[PDB]
Structure formats: C-alpha cells, structure tokens
Amino acid sequence: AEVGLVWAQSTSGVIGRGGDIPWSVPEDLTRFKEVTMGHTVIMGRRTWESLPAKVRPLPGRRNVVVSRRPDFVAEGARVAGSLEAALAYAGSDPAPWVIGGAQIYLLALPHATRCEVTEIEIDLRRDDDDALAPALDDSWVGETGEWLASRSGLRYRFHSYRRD
Ligand SMILES: NC(=O)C1=CN([C@@H]2O[C@H](COP(=O)(O)OP(=O)(O)OC[C@H]3O[C@@H](n4cnc5c(N)ncnc54)[C@H](OP(=O)(O)O)[C@@H]3O)[C@@H](O)[C@H]2O)C=CC1
Ligand SMILES: COc1cc(Cc2cnc(N)nc2N)cc(OC)c1OC
Ligand SMILES: [Cl-]
C-alpha cells in the first residue's frame with residue numbers, strides 16, 4: 001500500500017490559520033479531488049471540524065477521522081484511535097490518502113511514499129498558532145510544475161514527490 005500525503009501550503013509553509021485555509025484557490029480543491037477520488041481519506045479530528053458540515057463526509061471517498069477519544073462522533077466517517085488503526089480501516093485500498101492537518105501529517109510521514117503538494121504564492125508570515133506543513137528531506141524526490149494563474153489572481157504550482 002502506497003500511503004500518500006496531500007496538502008496545500010503557502011511558500012512560507014502555512015497550511016492553516018484560525019481553523020481555516022487562509023486563501024481561496026479553487027484549482028487546488030479541484031486537484032485535491034482528482035488525487036483523492038475513490039480512495040480512503042484519513043484526517044485529524046480538527047480538520048474534520050474545519051470542513052463545512054454540508055461538504056462532509058467528502059463524497060466518493062471513505063472518510064476516516066483520527067482522534068484519541070474512542071467515543072468521538074463523526075457522522076459518515078470511521079473514527080480511529082491512531083494512524084496505524086486508520087491505515088487498517090483503509091482495507092485493501094491500494095492508495096489511501098492523508099488529507100491533514102499538521103499533527104496528522106507528522107504521524108503519517110514515516111508510513112508515506114507519496115506527497116502531492118500545491119504551493120500557493122501568498123505572503124503569509126508564520127504566526128505561533130499557525131498550522132504548518134511538514135518538511136520533506138531529500139529521501140523525497142520528484143517534479144515541480146510551472147507557476148499557474150488561479151482564477152483568484154494568485155499563482156500556484158504542483159509538486160509531486162515519492163520515495164521507495
Ligand atoms: N492547506 C491544507 O492543505 C490543509 C489545511 N488544513 C488546516 O489545518 C488545521 C488543522 O491542523 P491541526 O490543527 O494540526 O489538526 P489535525 O487536523 O492534525 O488534528 C489534530 C487532532 O488529531 C488527533 N490526534 C493527534 N495526534 C493523535 C494521535 N497520536 N492519536 C490519535 N489522535 C490524534 C487529536 O484529536 P482529539 O483531540 O479529538 O484526540 C488532535 O486534536 C486547520 O486550520 C485546517 O483548516 C487541514 C487540511 C489540509
Ligand atoms: C475540499 O475541501 C477541503 C479540502 C481540504 C484538504 C486539502 C485541500 N487541498 C489540498 N491540496 N490538500 C488537502 N489535503 C481541506 C479543507 O478545509 C480545511 C477543505 O474545505 C475548505
Ligand atoms: Cl515545498
């Protein structure tokens with residue numbers, strides 16, 4: 001099983017602020033759908049909460065929420081008490097995806113063999129309570145696309161990385 005991580009970050013490494021994603025780049029949500037469609041999507045409890053209620057569970061995917069609380073309620077999702085448990089509920093899924101947030105990416109990173117990153121050209125100065133992207137060392141190899149204009153007026157680009 002190829003455990004993948006998918007996220008969007010500013011160039012500075014911010015993925016979340018004030019419980020939200022601090023930009024609007026539609027092309028990123030489209031990409032996210034394209035990558036994750038048909039697979040398990042594993043998320044931390046706070047990410048689950050960040051999603052608008054009507055958008056969740058994410059359709060066409062098996063949703064899993066990681067919590068320490070074995071009685072946590074996620075309507076339309078399986079709740080798991082660890083990342084290892086989350087990966088077990090993925091079953092025979094050949095390519096489960098971890099979809100955030102900061103805490104869960106760090107948990108998953110040792111299992112991961114693929115990362116799909118959208119970089120957003122926005123000037124965000126890291127605050128103390130920002131959610132931050134994991135750093136990838138050079139065991140990770142891949143390709144970086146060209147800068148693209150979003151409908152938003154910001155630029156973005158895709159990075160695809162893998163390791164054995
Ligand atoms: N730009 C992007 O690509 C994305 C951005 N985000 C943003 O990221 C932020 C959320 O990230 P973050 O705050 O780090 O939270 P997470 O989504 O990573 O969830 C953290 C929670 O996961 C549970 N948890 C953590 N570690 C463990 C463990 N070892 N075992 C079991 N459960 C565990 C806990 O839930 P509990 O307390 O219930 O036990 C904890 O509160 C939001 O702002 C969101 O909008 C999210 C997804 C993608
Ligand atoms: C489809 O809507 C959402 C998707 C995500 C997760 C996510 C979004 N973009 C990327 N590139 N990777 C991800 N893991 C996170 C969200 O909010 C925190 C979303 O709603 C706004
Ligand atoms: Cl990067």
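Numbers given to residues start from 1 along each chain, in the order its sequence is written, and need not follow the entry; residues that have no coordinates are not shown. In the order they appear in the text, chains get letters beginning with A and ligands get numbers beginning with 1. Where side-chain values are given, they derive from all heavy atoms of the structure, hydrogens and water being excluded.

- X-ray crystallography is the method the PDB entry lists for this structure, together with a resolution of 2.000 Å.

**Description of the overall build of the protein chain**
Part 1 of the reasoning: Counting its secondary structure elements, the protein chain contains four helices and 11 strands.
Part 2 of the reasoning: For 164 residues, the compact-globule estimate of 2.2 N^0.38 gives 15 Å, and the C-alpha radius of gyration of the protein chain, at 15 Å, lies within 12% of that figure.
Part 3 of the reasoning: Principal-axis analysis of the C-alpha atoms gives the protein chain an extent of 40 × 35 × 30 Å.
Part 4 of the reasoning: In the protein chain, which comprises 164 residues, the share counted as buried stands at 44%. To qualify as a helix, a DSSP run of H or I must reach at least 4 residues; to qualify as a strand, a run of E must reach at least 2; elements of each kind are numbered from the N terminus. Note on method: radius of gyration uses C-alpha positions; expected globular size equals 2.2 Å times residues raised to 0.38. Burial status follows relative accessibility: with a 1.4 Å probe on protein chains alone, a residue under 20% of its type maximum counts as buried, one over 50% as exposed, and anything between as partly exposed.

**Looking at the pairing of strand β11 (residues 155–162)**
Part 1 of the reasoning: Only strands joined by at least two bridges in the DSSP assignment are considered to pair. The sheet contact formed by strand β7 (residues 112–121) and β11 spans eight bridges and is antiparallel. What sits directly across from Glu121, in β11, is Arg155.
Part 2 of the reasoning: In the sheet, strand β9 (residues 141–144) pairs with β11 via four bridges, with the strands oriented antiparallel. Of the residues in β11, the one forming a bridge with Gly142 is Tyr161.
Part 3 of the reasoning: In this structure, strand β10 (residues 148–149) lies alongside β11, joined through two bridges in antiparallel fashion. In the sheet register, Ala149 faces β11, and the bridge partner there is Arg155.
Part 4 of the reasoning: Where β10 hands over to β11, the hairpin turn is made up of five residues, of which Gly153 adopts a positive phi near 105°.

**Here we look at the pairing of β7**
Part 1 of the reasoning: With respect to burial, β7 is a largely interior element, eight of its 10 residues being buried.
Part 2 of the reasoning: Of the pairings in the sheet, the one linking strand β1 (residues 3–10) to β7 comprises eight bridges and is parallel in character. When the bridges of β7 are listed, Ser10 appears paired with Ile120.

**Some thoughts on the site of ligand 1**
Part 1 of the reasoning: Only a single heavy atom is needed: when it lies within 4 Å of a molecule or strand, its residue is near that molecule or strand. Taken together, 27 residues lie around ligand 1, and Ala8, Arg45, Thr47, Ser67 and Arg68 are the ones closest in.
Part 2 of the reasoning: Between N or O atoms, a polar contact is any pair within 3.5 Å; within protein, one atom must be a potential hydrogen donor and the other a potential acceptor, and residues adjacent in sequence are included only when both atoms are from side chains. At 3.0 Å, a side-chain N or O of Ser50 approaches an oxygen atom of ligand 1.
Part 3 of the reasoning: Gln103 is positioned with one of its backbone polar atoms (N or O) 3.0 Å from an oxygen atom of ligand 1.
Part 4 of the reasoning: Method for areas: the Shrake-Rupley scheme with a 1.4 Å probe, in which residue coverage is limited to the protein chains shown. Relative to its unbound accessible surface of 930 Å², ligand 1 loses 88% to contact with the protein.
Part 5 of the reasoning: Of all elements in the fold, only β1, β2 (14–16), α2 (45–50) and α4 (102–108) reach the threshold of two or more residues within the shell around ligand 1.
Part 6 of the reasoning: Residue contributions to the shell around ligand 1 peak at five residues, all from α4.
Part 7 of the reasoning: A class-by-class count of the residues in the shell around ligand 1 yields 12 nonpolar, 10 polar and five charged. Ten residues, namely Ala, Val, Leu, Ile, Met, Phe, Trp, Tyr, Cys and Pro, are considered nonpolar, four, namely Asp, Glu, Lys and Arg, are considered charged, and the remaining ones, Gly among them, are considered polar.

**Some words on the site of ligand 2**
Part 1 of the reasoning: Residues in contact with ligand 2, as listed here, are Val6, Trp7, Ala8, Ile21, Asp28, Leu29, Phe32, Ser50, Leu51, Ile99, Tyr105 and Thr118.
Part 2 of the reasoning: Here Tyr105 contributes a side-chain N or O atom positioned 3.5 Å from a nitrogen atom of ligand 2.
Part 3 of the reasoning: Taking 490 Å² as the accessible area of ligand 2 by itself, protein coverage stands at 84%.
Part 4 of the reasoning: Counting only elements with at least two residues in the shell around ligand 2, the list comes to β1 and α1 (26–36).
Part 5 of the reasoning: Split into classes, the residues belonging to the shell around ligand 2 amount to nine nonpolar, two polar and one charged.

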